[PDB]
Amino acid sequence: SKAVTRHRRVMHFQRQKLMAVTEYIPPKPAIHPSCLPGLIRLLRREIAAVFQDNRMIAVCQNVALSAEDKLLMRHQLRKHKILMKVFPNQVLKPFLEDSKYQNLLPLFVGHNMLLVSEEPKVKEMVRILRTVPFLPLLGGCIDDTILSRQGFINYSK
Amino acid sequence: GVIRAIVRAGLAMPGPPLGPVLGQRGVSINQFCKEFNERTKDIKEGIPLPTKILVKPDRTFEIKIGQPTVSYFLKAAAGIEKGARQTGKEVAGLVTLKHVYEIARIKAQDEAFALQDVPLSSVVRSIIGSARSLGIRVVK
Amino acid sequence: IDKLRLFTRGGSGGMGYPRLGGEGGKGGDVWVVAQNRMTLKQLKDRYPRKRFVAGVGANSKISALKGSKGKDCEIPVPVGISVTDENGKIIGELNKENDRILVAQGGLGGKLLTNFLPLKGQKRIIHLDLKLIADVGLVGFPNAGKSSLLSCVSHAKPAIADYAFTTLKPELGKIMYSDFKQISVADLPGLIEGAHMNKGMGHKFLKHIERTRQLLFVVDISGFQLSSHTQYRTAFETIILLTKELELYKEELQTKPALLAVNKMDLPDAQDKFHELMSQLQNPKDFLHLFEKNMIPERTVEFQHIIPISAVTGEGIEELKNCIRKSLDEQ
Amino acid sequence: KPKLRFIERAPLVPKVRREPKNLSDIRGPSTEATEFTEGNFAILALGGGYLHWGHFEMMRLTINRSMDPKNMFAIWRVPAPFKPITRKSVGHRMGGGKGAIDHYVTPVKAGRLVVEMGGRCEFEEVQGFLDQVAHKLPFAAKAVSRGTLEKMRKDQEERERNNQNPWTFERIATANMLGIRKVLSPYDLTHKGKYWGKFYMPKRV
Amino acid sequence: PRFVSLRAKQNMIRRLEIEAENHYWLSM
Amino acid sequence: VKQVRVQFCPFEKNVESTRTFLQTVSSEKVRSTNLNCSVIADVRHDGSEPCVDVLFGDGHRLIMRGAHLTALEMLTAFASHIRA
Amino acid sequence: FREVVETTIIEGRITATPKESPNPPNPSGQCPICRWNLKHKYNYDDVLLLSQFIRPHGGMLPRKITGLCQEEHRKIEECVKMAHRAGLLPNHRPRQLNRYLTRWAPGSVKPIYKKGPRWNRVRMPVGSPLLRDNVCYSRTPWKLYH
Amino acid sequence: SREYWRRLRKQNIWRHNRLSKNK
RNA sequence: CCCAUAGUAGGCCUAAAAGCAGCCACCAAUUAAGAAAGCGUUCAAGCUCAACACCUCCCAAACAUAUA
């Protein structure tokens, strides 16, 4: 027969025999792994600087505000000096640990936003939360004193 | 819906660029043209100005006026009604720092343009980038 | 409103298979005939169900008989038809009624053990362009009264027409030529307001209206303060804008038999010089300048004429409207 | 020119003397034209053979049929048909040597890159066309990007280094352990039990 | 067409190991 | 259907499920899907509430407490109450 | 677990939450079977393992709901496929030929009516393909095509 | 810096866009 | 899963070609969003995605679980 034809070339039973002897067995696992078990640092430094500089920091769970609502809130917090920002919660937890704040650790959960200022201007945010029926102010920190939603409402009143 | 109109201050009701863009929502074309003409008369003329145009399902219009385009203002300040064909190898015009600062201040004065940054350096950089996108070379 | 592309099937041959005798049918031709608005009176313009076919041939076997003949197919249109083929160009160039164009393919037979050949029925690729919904597409301005203008200038009441398109059917209006015959024009789909006047009853419908080969620019021929619009967009300014858009859309279409409609002429009278203004806007280059010898800002100087709507006076306005309709149907 | 050049059936200068068709020029994994050459995607030959002007012309037709010259350029890295394969007279007495040359074809072994593709286009969009070409190809192949060949090489190295066998093909063969030298090929020390004739077995770890 | 099953694996493995051990003790 | 009380105050242990249910898929972000919502947040204490109390227009009323109930399950219960 | 009480008044109430065993000797595993020391020794005869992962109407549990590894969750799903057809799981009704470990589904299996030559033989489908490395206490090879 | 971070984010965005270009 | 504004309807050519008809730069304002990547658009408007908020009638019959 031809060396290479329409049919496949012939293999000797000795050849296929050693080929099976040449069964390339992959690695045999023992325990098996499947059933077995720069921006961040800069953001943390900026958060620490903002916490140190500002006297009043308020944490909100506001996510309901749209882009236009966020722009209106930014305009209101620009008219009266209050820096609004948001960072990662995992980064903020290391930031909270570095800043040595105990009561602010459980408050930072889910979608959140910090408002850091020297002059307290949370009354405008309180009025905005009064106009659109949401209550995002919860667990504030003004003058090294952790407050609640009722405390924030009393301070705004 | 939200539309984006760039109709000229002079001729409010044109043929090609007036109706076919956002007339399908349902509104009086003559009333919108009259409102645009009144807004253009309330402001300076000789330059196109963007409008917000608040449309409602009850056929109610609330036309808001911002300012002229920063590219159009830069072209007017440079003195070239036609831009560069290849930006920015062919420098069509040269814009000084004072005129660029004045244009940036004029753009930040408008509220519908939403140029409400705290620092003016950001607005100056934005105006410089808009000029560099066109055929304008910044001097000093 | 759009252009239609159909496949035409003709007669097919027959069979046998007798020792004496032979084949059957032949192959018919494809005819295109344009008819008046009375063809649109029967709703056959929303017909499209992937074209139509024709009859086939017969065999006969008792006792040695041959078969029948084939069948030709005629494709009618509701109002006007421009016929083209798969060659990339049109042979017949008309849109008036009673015009026919034919494409022939046939000469059929049968297979092999008495009198020979192999085949099936024949077909051709026809393209029907109605040159807008009926005869021309009307794009007005924000002073448009084209429906009332057509009703005032013609004794025939407008009806509802359709076309062989994949979209909605625009409304059509009848115009009088003062010659014992009537022509038709087409407006924006649904509620007619004018394409330039911020209305087409849809974005796809606006594209369909703008896809018309023959466009008519309706504008206020009266004064801007006397125009039926508040605020009016000025006769000169809106006319110049619409004419500039139409000319810059295609220089060939500007040089083609396109016209601009003179509307809002029911306030104007014989002495109001509406016809004089229409002539001054038609004979010029759609600007202030009348004639340009060498230096012309437009693609072509001395363009076509203007069409009259809401006719008045007796200085040949009806004759001008009839000539405009004839030029539009000439395509 | 972002298009595939036409491959002629034979060169202008012909081959006067008769020559044989050696299978060894397609046998073995090829070393030349094995990696990418100014390309980010190509077709690596997963087998040996010879490509004539017919296969090259079919590939060029399939490339120019579906390509964007402003975003995708393709250059055929293989040469034109050059090796003369002959055919004798029809209805001639059997045996008796060779007649005139019949047609030219260039032979390519396993691992050769066929057409280098580059530009503003990834291999994912051209994957369908490359798979149709590979199924229609003369020899077996595989459409591989610049990183796909590296991924395959790393996977092969990992498979080789993760072997658990108490006996390997070289471990009995190069040793000539149990008389497989009565069947072992003289060239078998080179393919290491991976290239068997005209078929190429890269799947053997 | 012919295939060799695990029986071939075990007996031939006895063969290969026999040859390998013979090689091993034959190296001094 | 109609306004929802949504009781939440910082008196007992805070619930992340209740906070997620109040802030997301009940608040003004969800007002686009349910146009006639008029959702409000209540700061009146109930006592281990995590209520998200909703008073429907048909007089249905819904209490899903809620401290151990997940935000997804409470939102699904609210969606099922809306669909009814 | 939660229920939706409906009568129009509809409410959602959390009632009858289930709990795990008190003594996991295989804590910090990744498969739940690895979390419960059942890495390869779960079989299709196991009623308890079947009940631990079967929905009340017989719905398939996702691995996040299941808490098992994806390979282990597929093992659980294949075991469910084994056991529901085994006639040993009547606890999940929606509204005869006896069996022993039929893998593929009944109502589309073609009648294997062309028995191939013994040198090219196709055999019948046999056993669940998922359990190729199941914990074998035997020395016989585990069959796949009978 | 923030400008460098914005440039890197824009580069990653362009890279993912060019990846989706084949899709 | 989620979120998607703005100089801006980026400029030349283009009736308009708005990120998406062809070219040049692709900057840049917010924690974070490509002068635009698959749609849709006459032009627009509306979808996502990237970046941020969350993480000739085949032919053996058969059987997986008993310690190479």
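For chain C, we keep the numbers from Swiss-Prot: what you see runs 16-346, in order.
So how was this one determined? The header says electron microscopy, 5.7 Å.
Cβ atoms here come from the backbone N, Cα and C positions, even for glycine.
Residues annotated as GTP binding site in Swiss-Prot, with sequence analysis given as evidence: C:155-162, C:202-206, C:278-281. Within the same chain, residues at least 6 positions away in sequence whose Cβ sits under 8 Å from that of C:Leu203 (GTP binding site) are C:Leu153, C:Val154, C:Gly155, C:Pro185, C:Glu186, C:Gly209, C:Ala210, C:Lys214, C:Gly215, C:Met216, C:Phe220, C:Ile224. In this structure, C:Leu203 (GTP binding site) is part of a beta strand by DSSP.
Per Swiss-Prot, the feature domain 'OBG-type G' maps to C:149-344; the stated evidence is sequence analysis.
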Interface-proximal binding-site residues, chain H, C-beta separation under 8 A, candidates C:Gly155, C:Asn158, C:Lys161, C:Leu206, C:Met280: none
Proximal but sequence-remote residues of the same chain as C:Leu206 (GTP binding site) (Cβ under 8 Å, at least 6 apart): C:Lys214, C:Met216
